[PDB]
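Next up is one chain by itself, shown in structure tokens, the form deposited in one PDB entry.
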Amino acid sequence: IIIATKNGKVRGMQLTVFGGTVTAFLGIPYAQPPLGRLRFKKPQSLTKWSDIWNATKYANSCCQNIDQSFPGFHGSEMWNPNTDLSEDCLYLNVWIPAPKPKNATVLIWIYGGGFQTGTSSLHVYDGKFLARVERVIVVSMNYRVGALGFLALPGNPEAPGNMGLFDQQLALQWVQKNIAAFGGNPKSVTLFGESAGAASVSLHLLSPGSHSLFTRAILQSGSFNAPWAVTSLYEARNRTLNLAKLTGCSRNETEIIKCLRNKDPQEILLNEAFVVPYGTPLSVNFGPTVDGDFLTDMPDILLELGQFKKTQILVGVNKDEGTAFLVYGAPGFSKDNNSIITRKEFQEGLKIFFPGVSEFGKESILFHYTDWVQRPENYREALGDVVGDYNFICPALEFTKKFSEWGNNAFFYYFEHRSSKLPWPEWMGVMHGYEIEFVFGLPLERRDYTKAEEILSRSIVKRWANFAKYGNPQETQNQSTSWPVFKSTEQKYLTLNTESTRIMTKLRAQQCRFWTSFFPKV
């Protein structure tokens, strides 16, 4: 099975999926390896090749630090790179239905990982199920992360910033120019990602350069207005310099880059952590910045004034977004016990999560979240909601409200099902990132999940697919709850779970008024 692309021929492999077949093209190059003098620069167009490129295995993941907090634990290790790390990592994957489709909708996945980690080869991002079940074409790409992908020196082409975002864009471009050859429809491309990947999707909605590279967007647990999604020019500058010093590269700013371009990836990765005086468990040392190229102004401004691609969006969050981060720094927390903490530990926890916040700012948080409705887990649960509400839920709801105010249909979901196979303890509930396997349809594979989860996954997959193809996330055949549009006034949203799916209104009303209106002032 050979497909001819604009840059050359590529060979794929046949896969057996649910008594059927899916054709996968794993590891297709989409840009010149960003090596040597190209390190830190925007992705360069790839050179036309001769012969057949064998896209039969996942390519190298981009250089990144790994989570070493729980060696041997699947809960954390499932997110670590499952492919060799390398600077030569600009590759993408394509899963197409078999027999070859004629004009299928294309789903392009953008993985999360705080812009510091991640890779498209993870088991939970396997797109062969979606290709099989919904007959859509699934594409995913590897983009540079950490300093290698976001080191910023605004205005300087040697390290302009947002390189990772531009890698993604170049991948979207590749789909535009090549997907037709795989039987895909370049006019029907839906982007979807989670966390930092969702924030990336939201930024593409704002970048004029990406406007004509996709049709619709899906944002799972993330958006650019999340406090961890955009690095300020001030912080970027101070971090670029701190990195320079830690590697003995302090100098002319262009000479600094030349210096850093002689350093080994390991030395650069090793010092990324200390660039920030007091970082938090979210740890976005090097992220998106207003570069004047990909992002022409502060995103908050563009959003507020309706400057973005006009189209439909599907947005959502998980019930317990914050828990996952409590075991990476919060005192009294552990994945090995019920983590019943005290008021004192809670207060210390806020310290960990809001390092540069005034003493009054932290008290305002405690005041809002401690008016107990006694229960030994009051503080444990409060800190999780605090982290979740502040970092994900409220920013996602605000993004949705603002985006829809400009006339486009928007759909919001509240994911509240805890995977029966979740390796983490129960007190962590419906964790951040664990709706992904349902979106990708892993529960459809009976070899593994309860019957209820197969049904829930099958439904979500259909809704996501209908949204991509028709801009409407409905499940029209099995007498399913209709998903109402999200509007600024009523603010209806759909709950996803195995029990009963409901239509609710104004998610976290009181909590978000706190984070969206008050807190930004402290």
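In case it trips you up, residue 1 is the first one in the sequence shown, and so on.
In what follows, reference is made to the form solved in complex with a small molecule, a form of this protein that is not presented.
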Could you confirm whether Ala273 comes within 4.5 Å of the small molecule in the deposited bound form, counting heavy atoms only?
-> yes
Any non-hydrogen atom of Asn225 within 4.5 angstroms of the small molecule in the deposited bound form | no
4.5 angstroms heavy atom contact with the small molecule in the deposited bound form for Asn142 = no
Wondering, does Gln116 line up within 4.5 Å of the small molecule in the deposited bound form on heavy atoms?
-> yes
Heavy atom within 4.5 Å of the small molecule in the deposited bound form, from candidates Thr400, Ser207, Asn285, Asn178, belongs to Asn285
Note which of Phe440, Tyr369, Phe166, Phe325 lies within 4.5 Å of the small molecule in the deposited bound form, where distance is taken over heavy atoms; exactly one does.
-> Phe325
Heavy atoms within 4.5 Å of the small molecule in the deposited bound form: which stretch among 188 to 196, 361 to 369, 400 to 408, 170 to 178?
-> 188 to 196
